[PDB]
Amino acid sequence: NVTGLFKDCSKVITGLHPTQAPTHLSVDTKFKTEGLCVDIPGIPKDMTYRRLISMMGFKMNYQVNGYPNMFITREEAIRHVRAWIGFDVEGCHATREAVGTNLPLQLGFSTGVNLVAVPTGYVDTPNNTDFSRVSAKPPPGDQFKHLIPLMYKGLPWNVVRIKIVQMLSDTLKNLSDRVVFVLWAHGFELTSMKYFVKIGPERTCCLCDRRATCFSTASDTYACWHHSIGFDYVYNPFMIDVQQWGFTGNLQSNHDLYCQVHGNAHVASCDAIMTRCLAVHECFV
């Protein structure tokens, strides 16, 4: 059995040298024997490769003392309804030097905000993982024709995550000590979270007694929603997947049963609005 998490998306026909392969699975077949690997003097390492590694397949089901759970129960989400921010991501497909993974393109929130990012992936090299721009194409289809211009209107992720932190801080400072992302088929949104979320034990703000909701890589400091100006990471967020509450059809068809005021403009923010709206109607009626 294998997973899609960290799937190698390169087009290289050979596997990795035993010293460079992160796992036994990714070692080239020439070096495998008796359930182990052998070193073959004369078959050297590759010092120029660039292999795109897929961030699709994350599973946040860890049980670690002092580390809060990201995915919360429906009853705990209800208690924190003031912290609800609907979230959806429209992605693009890896192309040319890689194939097999989706990258964040349009990040939509129930606040009405849409942020366009430069298609960026996690590329393994002989020295490290290089978080960098990758070739990408919008999904093949006609309901995604609005994504074609967005391939050239994106911002670097170092800017995008500052904008996310700023938007959430402005929205939640007077509402909650938290953020609860309200999702529908959470998979790709969780993948997208890898680009702007950090987790760990609960911390306090550096300027006050409130719990920390933000993190800064530049200063290694934590801040609440009131003092997070310039912060780049969302720290210890919470989330829930509305699709998992037993609904049979797609987002729009379930949303439309209770609500007729949120039309499908087919943009990421519109799906995020519909997700939070459906969660409100299902939870409180």
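Rigid core: the largest C-alpha set superposing within 1.5 Å between the two forms. Residue positions are given as counts along the sequence shown, with the first one as 1.
- Choosing between 138 to 146 and 88 to 96, the greater Cα displacement from the shown form in 7 other deposited structures of this protein, fitted by the core, goes with 138 to 146.
- Of the two stretches examined, 33 to 41 and 225 to 233, the one with higher mean CA deviation in 7 other deposited structures of this protein after a rigid core fit is 33 to 41.
- The PDB entry reports B-factors from which the mean C-alpha value can be compared for 78 to 86 and 140 to 148; the larger average falls on 140 to 148.
- Remark: stretch with higher mean C-alpha B factor among 149 to 157 and 125 to 133 is 149 to 157.
- The entry lists C-alpha B-factors for 205, 183, 180, 190, and the highest of these is at 205.
- Residue 236: CA B factor lies in the lowest third for its chain, per the PDB record.
- Residue 51 sits in the lowest third of its chain by CA B factor, as recorded in the PDB entry.
- In the deposited entry, the Cα temperature factor of residue 248 sits in the top third of values across the chain's modelled residues.
- The deposited CA B-factor of residue 33 belongs to the middle third of values across its chain.
- Residue-level temperature factors show residue 98 in the highest third of its chain, judged at the C-alpha atom.
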